[PDB]
Amino acid sequence: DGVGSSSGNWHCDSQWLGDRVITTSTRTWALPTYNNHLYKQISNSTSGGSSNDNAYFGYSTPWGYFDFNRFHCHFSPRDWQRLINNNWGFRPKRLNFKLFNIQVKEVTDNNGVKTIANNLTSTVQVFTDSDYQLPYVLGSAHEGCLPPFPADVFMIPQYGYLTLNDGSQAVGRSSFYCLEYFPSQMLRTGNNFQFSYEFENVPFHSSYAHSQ
Amino acid sequence: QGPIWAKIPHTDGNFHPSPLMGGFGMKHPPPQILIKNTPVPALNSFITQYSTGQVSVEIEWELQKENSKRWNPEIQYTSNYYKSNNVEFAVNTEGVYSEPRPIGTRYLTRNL
Amino acid sequence: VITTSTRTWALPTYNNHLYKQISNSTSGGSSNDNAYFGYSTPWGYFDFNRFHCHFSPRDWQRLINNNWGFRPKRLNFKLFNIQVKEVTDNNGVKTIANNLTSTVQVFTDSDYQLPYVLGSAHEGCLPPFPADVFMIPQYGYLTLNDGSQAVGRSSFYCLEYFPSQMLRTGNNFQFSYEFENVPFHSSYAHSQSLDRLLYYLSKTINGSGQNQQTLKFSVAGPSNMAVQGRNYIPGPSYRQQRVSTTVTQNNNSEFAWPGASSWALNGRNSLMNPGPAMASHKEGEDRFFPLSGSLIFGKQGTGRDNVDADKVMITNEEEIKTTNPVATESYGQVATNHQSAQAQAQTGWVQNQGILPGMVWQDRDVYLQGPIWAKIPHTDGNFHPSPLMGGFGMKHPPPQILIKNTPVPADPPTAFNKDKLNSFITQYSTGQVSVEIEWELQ
Amino acid sequence: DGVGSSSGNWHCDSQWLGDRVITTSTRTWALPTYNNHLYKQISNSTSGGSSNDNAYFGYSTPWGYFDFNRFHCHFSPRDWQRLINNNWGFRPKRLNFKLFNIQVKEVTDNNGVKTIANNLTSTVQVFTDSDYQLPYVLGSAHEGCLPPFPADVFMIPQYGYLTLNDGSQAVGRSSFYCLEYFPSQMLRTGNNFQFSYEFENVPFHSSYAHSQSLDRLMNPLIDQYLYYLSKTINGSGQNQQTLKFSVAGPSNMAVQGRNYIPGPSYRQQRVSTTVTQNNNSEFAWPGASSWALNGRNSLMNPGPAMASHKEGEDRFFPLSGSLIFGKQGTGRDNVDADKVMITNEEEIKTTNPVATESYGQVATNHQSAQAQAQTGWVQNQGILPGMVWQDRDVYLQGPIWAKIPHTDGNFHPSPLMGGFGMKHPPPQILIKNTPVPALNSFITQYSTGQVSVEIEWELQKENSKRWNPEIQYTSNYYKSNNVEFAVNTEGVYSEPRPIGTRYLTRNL
Amino acid sequence: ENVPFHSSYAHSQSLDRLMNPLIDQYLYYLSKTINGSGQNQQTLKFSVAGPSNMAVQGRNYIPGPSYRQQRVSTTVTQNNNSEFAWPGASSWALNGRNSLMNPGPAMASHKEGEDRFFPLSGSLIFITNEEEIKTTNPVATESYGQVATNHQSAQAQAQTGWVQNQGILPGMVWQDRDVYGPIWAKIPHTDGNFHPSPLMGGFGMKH
Amino acid sequence: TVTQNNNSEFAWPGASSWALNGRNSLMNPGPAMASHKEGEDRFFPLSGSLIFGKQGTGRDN
Amino acid sequence: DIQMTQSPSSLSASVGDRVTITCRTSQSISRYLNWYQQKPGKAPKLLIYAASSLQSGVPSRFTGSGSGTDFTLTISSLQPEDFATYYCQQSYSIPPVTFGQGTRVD
Amino acid sequence: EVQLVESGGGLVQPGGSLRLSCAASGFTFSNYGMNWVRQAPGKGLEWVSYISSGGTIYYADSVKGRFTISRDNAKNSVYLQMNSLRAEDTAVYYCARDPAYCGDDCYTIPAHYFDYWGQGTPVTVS
Ligand SMILES: [Ca+2]
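Here the protein sequences come in this chain order: A, B, C, D, E, F, G and H.
When the first sequence is numbered by the deposited numbering, its final residue is 430 and no position is left out of the sequence of numbers.
Under the deposited numbering, the residues of the second sequence are numbered 615 to 656, 667 to 736, in order.
Under the deposited numbering, the residues of the third sequence are numbered 239 to 435, 444 to 688, in order.
Under the deposited numbering, the residues of the fourth sequence are numbered 219 to 656, 667 to 736, in order.
Under the deposited numbering, the residues of the fifth sequence are numbered 418 to 543, 560 to 613, 616 to 642, in order.
When the sixth sequence is numbered by the deposited numbering, its final residue is 552 and no position is left out of the sequence of numbers.
When the seventh sequence is numbered by the deposited numbering, its final residue is 128 and no position is left out of the sequence of numbers.
When the eighth sequence is numbered by the deposited numbering, its final residue is 145 and no position is left out of the sequence of numbers.
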């Protein structure tokens, strides 16, 4: 919409309404450039691969990703106390995601002194995989999720994946994924991105201890 | 501090798909969100570049209320009253935020 | 009256975008009386709570000469023309350049969920002169402590955990506020006095000698006005020590803290300042003032520490001496015993007196340099909530307005690292603030 | 309706609905015959009346009365936990009372063997005083309330009252009340009794502790624009008088100007838990804070609401300042300190002075060249404009309401033992067995029934933005011989410790 | 304008007798600090407050405020043989001028049983007596009570002190002065007042 | 308490594992099981539970 | 500081015998006397607290009686297990708690 | 069940400094007062210092001004910081629990008798 107009506001709080809780978290992120815009084959033998139990093969990508998959992302310690002392169970229902106030910078190294300035015409590419066609790395208890304390600024982790291997070599069935082969929304400093998600039906997590 | 969901692998069969590190197993979990900086050529030569922005996420949680007829009081999660150098779950003098202990969800009780 | 003030502000980055635990320990001051524990925040805040923010000296003259009373009604606040500057220091000299895409966060605390620091009479208010450019003060708060340590009941607030509006250079912010009904401040001096608005015991003895006891009663009349029956009595008193502006008269010792009147809370002594509203001096003595009993303002350019008496402006409350006792005097006398044939009547001086039925009193006067409102603490009970430094006490005062520069990180490394980013772009913002208050006159 | 048809059901539970709680309690009672159906003048000299401070005059009546005025009547320990951990305040709204399943018995003593049988034609008389015309004895923290544990069967206490006296003698102004001179509903074994009551508007009891103290309300980072008097002399010597002034700021916080001051105090003597530390003399009554009325000294108990001890001084307690409860099975007279539960209000220290400390100092003279500055201690301080204070806390075992005496004036009528002061509290409920003559000769007779009381409570929810977790009331995690707040092997129910309502926090 | 009805009744109960005489309290008090005899006999013993001892029971309300008056007997031989009408008077100072305290805060003129004593400036003299209010109000010629003056210890004995004047406390009740006399008074126009009812009796009014 | 443990390196040798296509993976955390018997708080399963780092904890050993 | 002296500093006895140990204090400590046994190298264990009471988990044979300045510990039906040093301490005058010198049983 | 295990101890030169810790398990540590007592080799039991739940602190006369006692309830540990050690400080130091505990809302009556103890740690000053 404009260079001098904000594309979104700061939302952090929890709303306790009856049988529902709505938690909102807003963080500030910083995305570098990974792999100098390259896809690179990675395996164990590059790192020396001394053990067969540790042998892997795969690819590292220039893309980053967002991970909110830990609980302290969404809950303050007081909201977590308010949850576990009063309730026998809980489960997620709806998800609402927003990405806004994009700022792209350019870095120049002239002799020893670095200099950083705005690049107003640069874009950021973002897409979600809602057909689940990429390898799914979010369920492996990885680092790089939004920080538990809202005042912390965090670095976006680099996306990568593994496929079949024998030792450090590949096999005919191994798959390669170009993430550019996915349509993705492009954003300049005035654009924003949002999408909404509906959790599929899951049983309540049982937050209680049996007395018998 | 723990994980929330996992993706149930796509397979012929599974038993009790609930994930072993804890949390909610799902065949279609929250989707992955991929992001990169579009390359700006200065082609292996480019302008050194990075981005920064605000990200906001919102989850609606459904609650199951405690119905119990237990007479005596429950165990509860509580802070300790006694004096200490720092407040637990707060910043220290250098401004570092720490989480002192892992907190589980199981305090209230039910009959088996 | 509708007053309007516009100013230009500059907002730095406070604490390198960090919350920090602070205490007397960090500062290093050992004393129990001054021990504290709390937090400092990256956030700044706006304070218009002094009168000279909204009033010119002529408007103040126009107000106090023609009116018996006044009190605020409505409020309107605007924040606009936001400019975010970045500072790049290259070798010797630093260059300032506009950052167009940066933001500035602002929110009001309208549920009163944060600690309320605007009632403590602090520096950092809008300056009295409209062409002055002021620095925005840093927000910080105190919690419960034991010595330099927190207890488990101490609370920590993350102001990032409040929804706030993010402003780029073209965006603006505004809100309006309705003052809750408060009594008109009295801005007049009573012409009459409480005692100058039936029989009494004139003589207990006939004359000199033995067994002269008698009871004689006389009419109370204009001849003797001390003994007449009265319906009302002056307000409460908590005595202050008396100090003279002529240094020779005062005792040659350090009695400033030792001789002070104070109150103890949880084992810590606090000076009683300014304290209950009392007359500064008796009629005819202008050289004496109560030790802690008055407000003392610094003159322009006055230093911070150990400045002489000609560098400060000591207010005097003498206007209220009609309904209120003198700060440096006892309230009166009481009987300490039962007289008898064997015992003379004994009396004692009342140094402090609480409320009695039938008291009337005046509050403390307000000044052009003084505070406007305070927040009434949220408690089971209070009496005459009007604040002791002067002004209008309110349970829902004008909300706090919190503002910070959104952190913009420098270039992150090329390989992922899980630590939080400590490397940021040096930055600050500036802009305009306008605050409009509607006042009601009596 | 009938001899073989029940007149009511058993209702005990709590319903947590939004901002409201509805508690219902049903108990089984037994009413004897008191005073052999007689009104009897009582006074101190009948018991010997050795002390003038203890002198009384009044009447004991054949009537009994129902008392539900303690909190554990209406709340289980779990419901009380559920209340105090989640809520900033509460207060009663509606009251609903029922008396049913009346059973009257007759007792016959033939030689040694007693025999008890039903008397189906006997009546019980019950009325409420809703015009408040009787002396109101329910706000005195007396025994005889419905038992905390629902399976206990309790005995109804005997009603009595006091009137004016001089010594043990009466005066012309003393009043006598015949409770028969009140219309009362009569009940046989098929009748039941009920009435409903609406609590008058009261402020929510504050079940929270402040997270700030009255003297720390300042911003620690910023100076005040006020100045204070730092130095009265330049140094050691003669003729060194000076006036120096400094900015009040973060470095010296004791001297800053403040808008509000702590509440009133009436000093208590300080007693230590460790016995050797205390003085070797009898000071229980001699060193006690008291108030005198018409020449009789009454102990000040518990008195104004004040913090029990300074931070870091757990052992000391005000002599009459705190409410002291007995443990289950505690004797009547001269029990040891481990048989009682001394509640301590240390949570109100933020806004209230310590009970065993002076309020502060005042100046006692005019200094001059020939006179040093003199100060003196304030042992008691009444209300000043600008004071703020917290009331006394309520406990699971403590009283709920009191009746505000009917007077020309009062200040902050909230009752000093804790709870909700009311001009029209829940009315007294009087009950007796109607005399059946066998006229000083009667049939020996008693009754029994079920009583259920329902109260609606309004809740004030906790809104806090505090990041870190609260203090909560919690049960002990580790093994023990018994469960706390349960029965032991002999079937006795005990309340192990007193439980206050203040856990959650607020800003000051 | 709207004013509270003047009370024209005498309480039939006293503020310290409001209890049920037949029943114990569930509250305990500290009965003994020493076992008995001589050296090293410290203890803490507690007893139930009940009908036998009515002084030590807990109470929800306390008597009203007091400012002590000097006591004067109608029998002249009893009074001290000196001039104390002005010197031994209770007064309040304003702007350096002393006004006699007349009639003063409403208090009971004398204890029950002593009718020959009256407050020096306590009662209106046309000599009326306020004894009706002795139920909720302290006696004008008596102390309000006692307070502790020190921290006791193994070294220091417990010390008390007499409260000559007492301001308002939370939980006080009191009666105003009786009307005989004046009817109404004007409430002064001020920032604050407490219980504006005039001290010579009658109805206070802002108009 | 480390002196109660055997004086040998059993972190990998004694660990429960599962094998897939000839590669041994540690069983972590594995099936959900109680960590210790009532009364024994000093024992923990070798790979049975989730272990978190404290703030400022290093990467290795 | 209250001084305590256990009278039979050393005691010789055989299984089944009745053993009696007493201590006396300089000033009365009311009913606050506690008894401990300590086997060599082990930490002491509380046997009897508050003069006449008995700690949970300790054999019924042990008994205690006394008040004021005289207290007695009486082992009944002595067994192989209870040959130990025994200590008496007073919890009356605090600080500081005082302990008896110690009595050995053979 | 209730266990106390204390660490620290071992040789220290006279005038030196040592820090004894006592780690507690099997009970809620913040509810109880903790004691250090010491037994000199070939000598009787002696009490050293006390700290209560709310932080009342006592020291023996012989030890006062030198040792300082403290507790950390997050680590379930009580600490004895011993400064200016002397050759009479050689002993086996024990950690002993005081059983008295009433609750949050009422005063606890300190028993000053110790139900549970540690195994002890030796401290040798030479
Ligand atoms: Ca409490």
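C-beta atoms are modelled at their ideal positions from N, C-alpha and C, and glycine is treated no differently.
Comparing alpha-carbon positions, which option in the options lies nearest residue i?
i: F:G530; options: H:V21, H:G29, H:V67; result: H:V21
i: C:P504; options: D:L301, D:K323, D:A591, D:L364; result: D:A591
i: D:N583; options: C:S516, C:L634, C:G513, C:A506; result: C:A506
i: G:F105; options: G:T120, G:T47, G:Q59; result: G:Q59
i: E:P520; options: E:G455, E:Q495, E:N477, E:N562; result: E:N562
i: D:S669; options: D:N254, D:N305, D:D231; result: D:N254
i: G:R53; options: G:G86, G:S32, G:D39, G:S31; result: G:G86
i: D:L317; options: D:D231, D:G408, D:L435, D:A369; result: D:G408
i: B:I683; options: A:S224, A:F308, A:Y274, A:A359; result: A:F308
i: residue 440 of chain C; options: C:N496, C:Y350, C:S448, C:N287; result: For residue 440 of chain C, no position is available: the coordinates of chain C end at 435 and pick up again at 444.
List, in chain order, every chain H residue whose beta-carbon is nearer than 7 Å to that of residue i.
i: D:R533; result: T75
Is there at least one Cβ from chain H nearer than 8 Å to residue i's Cβ?
i: B:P726; result: no
i: G:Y109; result: yes
Residue i versus chain B: which residues are under 9 Å apart at the beta carbon?
i: H:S49; result: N704, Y705, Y706
If you measure from the beta carbon of residue i to each beta carbon in chain G, is any gap under 8 Å?
i: E:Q442; result: no
i: D:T494; result: yes
Counting only beta-carbon separations shorter than 8 Å, does residue i have a partner in chain B?
i: F:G539; result: no
Is there a Cβ of chain A sitting closer than 8 Å to that of residue i, yes or no?
i: C:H255; result: yes
i: B:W619; result: yes
Give the interface partners of residue i over in chain J, defined as CB-CB distance under 7 Å, in chain order.
i: A:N287; result: The structure shown contains no chain J; its protein chains are A, B, C, D, E, F, G and H.
Does the beta carbon of residue i come closer than 8 Å to any beta carbon on chain D?
i: residue 157 of chain G; result: There is no way to answer for residue 157 of chain G, as the model of chain G reaches only from 23 to 128.
i: G:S82; result: no
i: H:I88; result: no
Under 8 Å, Cβ to Cβ, is there at least one residue of chain F near residue i?
i: H:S44; result: yes
i: A:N270; result: yes
Verify the CB distance criterion: does residue i have a CB-CB separation below 8 Å to chain E?
i: G:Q49; result: yes
Give a yes or no on whether the minimum CB-CB distance between residue i and chain C is below 8 Å.
i: D:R694; result: yes
When you measure from the CB of residue i to every non-hydrogen atom of ligand 2, does any distance come out below 7 Å?
i: D:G728; result: Among the ligands present in this structure, namely ligand 1, ligand 2 is not found.
Run through chain F and tell me which residues come within less than 8 Å of residue i, C-beta to C-beta.
i: H:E20; result: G530
task = Closer than 9 Å, Cβ to Cβ, to anything on chain E: give me those residues from the stretch 51-74 of chain G, in chain order.
result = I51, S52
ask   = Between the stretch 599-611 of chain D and chain C, which residues of the former have CB atoms less than 8 Å from a CB of the latter, in chain order?
value = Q599, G600, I601, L602, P603, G604, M605, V606, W607, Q608, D609
query = Mind pulling the alpha helix (DSSP H) runs of 4 or more residues that sit fully within the stretch 276-323 of chain D?
reply = 289-292, 295-304
Uninterrupted alpha helix (DSSP H) stretches inside the stretch 461-540 of chain E (no shorter than 4 residues) = none
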